[PDB]
Structure formats: C-alpha cells, structure tokens
Amino acid sequence: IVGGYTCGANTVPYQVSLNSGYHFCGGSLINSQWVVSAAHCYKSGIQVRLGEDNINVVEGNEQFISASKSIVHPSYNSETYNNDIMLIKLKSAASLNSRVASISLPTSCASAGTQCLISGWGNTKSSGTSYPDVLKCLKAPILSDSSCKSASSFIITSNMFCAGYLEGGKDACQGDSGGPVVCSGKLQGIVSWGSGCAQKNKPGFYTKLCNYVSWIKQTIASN
Ligand SMILES: CC(=N)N1CCC(Oc2ccc(N(Cc3ccc4ccc(C(=N)N)cc4c3)S(=O)(=O)CC(=O)O)cc2)CC1
Ligand SMILES: [Ca+2]
C-alpha cells in the first residue's frame with residue numbers, strides 16, 4: 001500500500017496474510033472456514049494467518065491455519081486477469097472474536113465515487129521497494145468505468161473495477177494482492193493488478209467481488 005496509513009493492530013479483523021514461509025498475498029476471511037483471495041495468488045502450501053498486525057512478530061492474537069483446499073475460479077484467465085478470485089478453505093475453523101472476524105459479502109455492486117478501504121502488507125513505495133511489517137490501509141474511491149478504461153492499456157472487464165487516485169501517490173501494490181477492498185462494510189473487491197504502483201493515471205484494479213457471490217456461496221456450500 002503506497003501513500004496509505006498504518007491501520008492499527010487488528011482494526012481490519014477480516015484481513016488475512018497468506019504465508020508460504022513468508023507473507024505473499026492478502027486475503028479476506030468471509031467465514032470461519034473460508035478465505036477469499038486472488039487467483040493470481042494461487043500456490044500450494046498456503047498457511048492462512050489471521051489476527052495479524054505485525055507479520056514478523058508474534059503479538060498474541062494470531063491464528064495460523066493451513067489451507068486444506070484452494071479453488072481458483074473456474075474461468076480465471078491469468079493472461080487477462082479476468083475472474084481473479086480464489087477460495088481457500090481452512091483445515092479448521094478460525095475462532096471468531098473482535099480481532100478475527102469475517103467480512104460480509106456484498107448484495108449489490110458498489111458504484112463509482114464510493115469510498116473503500118484497501119489494506120495489506122504490500123510495498124509502500126511508488127518507486128523502489130519497502131515492505132511494512134504492520135498492516136497498511138488506504139481509503140480510495142471507486143473510479144468510473146470510463147476512467148478505468150482510459151487509464152489502462154489492458155483489456156478491462158466487467159469483473160474488474162478500478163479504484164484510487166489518478167494523480168498518483170496512493171494505491172495498492174505488490175504484496176497487497178488478494179487483499180480486501182471493503183466499501184460500506186461489504187467486501188466489494190480483491191486487490192488484483194495495476195500498472196506499477198501509485199503512478200499517475202494508473203489506478204489499481206480490483207476483482208469485482210459482487211459478480212462472484214453466487215459462485216462463492218455455492219462453492220462454499222458444496223465444499
Ligand atoms: C490486466 C492484465 N492483463 N494483467 C495484469 C497486469 C499484468 O500482470 C502483472 C502481474 C504482476 C505484476 N507484478 C507487480 C504487481 C503485482 C501486484 C500488484 C497489485 C496491485 C497493484 C496496484 N498498483 N494496484 C500493482 C501490482 C503490481 S509482479 O509480478 O510482482 C512483477 C515482478 O515480478 O516484479 C506486474 C504485472 C499483465 C496481466
Ligand atoms: Ca504477528
């Protein structure tokens with residue numbers, strides 16, 4: 001997260017760190033046994049880390065739980081990033097409390113202009129790299145489809161939205177991948193991709209989670 005702020009320990013209780021020996025992606029706890037993340041974060045040997053603030057220090061509220069199953073969206077396209085969403089089932093249910101909490105799935109898509117909270121342990125620099133150990137947060141408005149389209153050399157789909165600030169300086173970044181974009185208490189987005197980080201006219205792109213609610217509920221129900 002570039003140009004954001006330190007969230008505060010466990011102020012984003014649905015935020016998860018996916019760990020394969022090191023933090024590699026964020027994700028969002030959507031119930032006691034399931035995490036949603038980006039399909040581009042897929043890899044084997046995932047441990048889900050809940051209750052994290054400082055990902056390098058055991059501070060007493062973590063729950064570490066290995067994934068028993070990952071399910072990349074059936075139509076995830078890694079070339080176009082279409083359908084960049086993955087579900088991860090935990091080997092055992094997380095214990096939910098104030099510091100570990102699920103985030104609600106949306107029932108309606110969010111509209112342009114809506115302010116959202118994006119969080120993660122991704123790179124904090126627009127040029128070069130510095131990775132924070134505590135969770136970073138950024139409030140960013142969803143941008144219009146027209147400006148998202150104008151802002152990207154890549155084909156954008158209806159399963160993506162962009163959010164951020166065209167003037168640059170504030171954006172998600174590498175390492176925030178898979179993490180939540182929450183708008184009005186609903187998980188509306190997943191950190192998906194961007195061209196560089198926090199560059200002028202290059203806003204972050206996010207998987208439009210409201211489009212996947214049926215797949216998500218059906219997949220969880222059947223697994
Ligand atoms: C839309 C599309 N067709 N895509 C997505 C973009 C591109 O794929 C990628 C995927 C990953 C990267 N990486 C950077 C990267 C990764 C994740 C991000 C998440 C958000 C944001 C943002 N600003 N909100 C920028 C990000 C930039 S990379 O793999 O780490 C390159 C490397 O190895 O150093 C760079 C390009 C090509 C495929
Ligand atoms: Ca910790």
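Above this text you will find the structure in question.
The rules behind the values
- Residues numbered from 1 in each chain as written, not as in the entry; some residues may be left out.
- Chains lettered and ligands numbered in written order.
- Heavy atoms only, no water.
- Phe/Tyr/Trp six-rings, centres within 6.5 Å; stacked < 30°, edge-to-face > 60°.
- Helix = DSSP H or I, 4+ residues; strand = E, 2+ residues; numbered from the N terminus.
- Buried < 20%, exposed > 50% of the residue type's maximum accessible area, 1.4 Å probe, protein only.
- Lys NZ or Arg CZ within 6 Å of the ring centre and 35° of its normal.
- Pairing = 2+ DSSP bridges.

We now examine the packing of aromatic side chains. All told, the structure shown has four aromatic pairs when counted by the stated rule. Each ring, one from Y76 and one from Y81, has its centre 6.3 Å from the other, and the planes form 70°; the classification is edge-to-face. Consider the rings of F161 and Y206, whose centres lie 5.5 Å apart with planes at 25°: the pair is stacked. Taken as a pair, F161 in strand β10 (residues 160-163) and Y206 in strand β13 (residues 204-208) lie far apart in primary sequence, 45 residues in all. By the burial criterion, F161 is buried, and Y206 matches it. These aromatic residues form a ring-pair network of at least three members: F154, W193 and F205. The ring of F24 carries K43 above its face, with NZ or CZ at 4.3 Å from the centroid. Lying across the ring of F64, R49 places its NZ or CZ 3.8 Å from the centre.

Below, the discussion takes up the pairing of strand β3 (residues 23-31). Judged by how many residues are buried, β3 sits mostly within the fold: eight of nine residues are covered. Looking at chain direction, strand β2 (residues 15-19) and β3 are connected through five bridges and run antiparallel. Across the sheet, the residue bridging to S17 is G26, located in β3. Here β2 folds back onto β3, and the loop between the two strands holds three residues, one of which, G21, carries a positive phi near 105°. For β3 and strand β4 (residues 34-37), the ladder comprises three bridges, and the chain directions are antiparallel. Within β4, the position partnered with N31 by the bridge is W34. Count of turn residues in the β3/β4 antiparallel hairpin: two residues.

Keep in mind that these numbers describe shape and distance, not what the molecule does.
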